[PDB]
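All Cβ positions, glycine included, derive from the backbone under ideal geometry; neighbour counts span all protein chains shown. Nothing in this text is a laboratory measurement; each read-out follows from the coordinates by a stated rule.
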């Protein structure tokens, strides 16, 4: 980026910049990800595959399109992207599990396998042991575990009103 | 309003004497009043300066006057009465807002008499609106704080 002119640019530049964007996404530094992404020229962000795949992957992650995020594992425009993508998949497994925790008053197992994108009941059982589930007594993971006036804070606010009125 | 006195001697005031000795500059009481001067001050009697004794102990009880018990300190106003008062006061605020819009309009328009002879005998929307906001805001803030303190302490 520094030595514009006096240099002819390297064809590997866009690929390696996209790899850096993948690294930033994997480490979950979204602000720095977007900041560096802004460095890429417009048409480079919009057309070049190496810069489109990282940005599209962030778009899918923000939307929740975990299916397409997983399909990125097959997309992989450059094979070197696998390393920074595997850790992102594991973090996304955690994020999907959090979504499942909050939603899904009740969920089964045979379909929860596809939902979590796992391929083995042993992996399913290990992951359930991770964090902790009810194992599906009726084959259903029933993780349905869902006053107190802030009187102190409200009194502080009202006293602030009084003080701001009386310092006249 | 209180004053101490002693009488001047007719004998001395006819035989040319001042029946008071001016060793100090403490003869500046209040520039004695015209009432006293015409009723016989400095001729037949003189005024003696008056002071008071402060003990800081009687003053404690004199301060205890006007004091309110903690019952009154922590009591909440009848909520129905409070709501009715807020409703009414906001109604007068609405009317005074109409009148304030009217007055601000015809205020800069002309100021020959706006200085002093444009509010005498007529309501002042700005002044009454200020009074209403002051009173209602005091009441509401105080009752909110009382309610919150009560909700916690009486738990």
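Using alpha carbon centroids, what distance separates the range B:1-54 and the range A:1-64, in Å?
If we compute the Cα centre of each part, the gap is 100 Å.
How far, in degrees from 0 to 90, does helix B:125-153 lean away from the longest principal axis of the Cα atoms of chain B, to the nearest 10?
Result, in degrees: 80.
Suppose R0 equals 35 Å. What FRET efficiency, 1/(1 + (r/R0)^6) with r the Cβ-Cβ distance, do residue A:131 and residue B:150 give to the nearest 0.05?
Using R0 = 35 Å, I get an efficiency of 0.25.
If you take the alpha carbon radius of gyration of the range B:1-137 and divide it by 2.2 N^0.38 Å, what ratio comes out, to two decimals?
2.03
For chain B, set up a Gaussian network in which alpha carbons nearer than 10 Å are linked by springs, and say which option among B:138, B:23, B:111 fluctuates the most.
B:23
Neighbouring Cβ atoms within 10 Å as the yardstick, rank B:34, A:115, B:8 fewest first.
B:34, A:115, B:8
Tell me the label-point distance for the pair residue B:82, residue B:68, using the 7 Å Cα-to-Cβ offset, in nm and rounded to one decimal.
For the pair residue B:82/residue B:68, the computed spacing is 1.3 nm.
So, how do all the Cα-to-Cα distances of the range A:1-68 break down into 5 Å bins, in percent, from 0 on up?
4, 16, 26, 25, 16, 7, 3, 2, 1
Post the alpha-carbon centroid distance, the range A:73-92 to the range B:55-103, in whole angstrom.
69 Å
In whole Å, largest first, what are the principal axis extents of the Cα atoms in chain A?
Taking the Cα atoms of chain A, the three principal extents are 67, 67, 21 Å.
So how tilted is helix B:79-108 from the main axis of chain B? Cα-based, degrees 0 to 90, rounded to 10.
Result, in degrees: 80.
Most exposed first by the Cβ proxy, i.e. fewest other Cβ within 10 Å, how do A:84, A:117 rank?
A:117, A:84
Select from B:57, B:29, B:74 the residue whose mean-square fluctuation is largest in a Gaussian network model of chain B (Cα-Cα springs shorter than 10 Å).
Highest fluctuation among the options: B:29.
Over the Cα atoms, compute the radius of gyration (one decimal) and Dmax (the largest Cα-Cα distance, rounded to a whole number) for the range B:24-77, in Å.
For the range B:24-77, the Cα-based Rg and Dmax read 21.5, 62 Å.
Can you give me the pair-distance distribution of the protein assembly as shown, C-alpha pairs, 10 Å bins, whole percents?
Using 10 Å bins, I get a P(r) of 4, 12, 10, 9, 11, 14, 13, 8, 4, 5, 5, 3, 1, 0 for the protein assembly as shown.
Given springs between every Cα pair under 10 Å in a Gaussian network model of chain B, which of B:24, B:80, B:47 has the largest fluctuation?
Checking each option, the largest mean-square fluctuation is seen for B:24.
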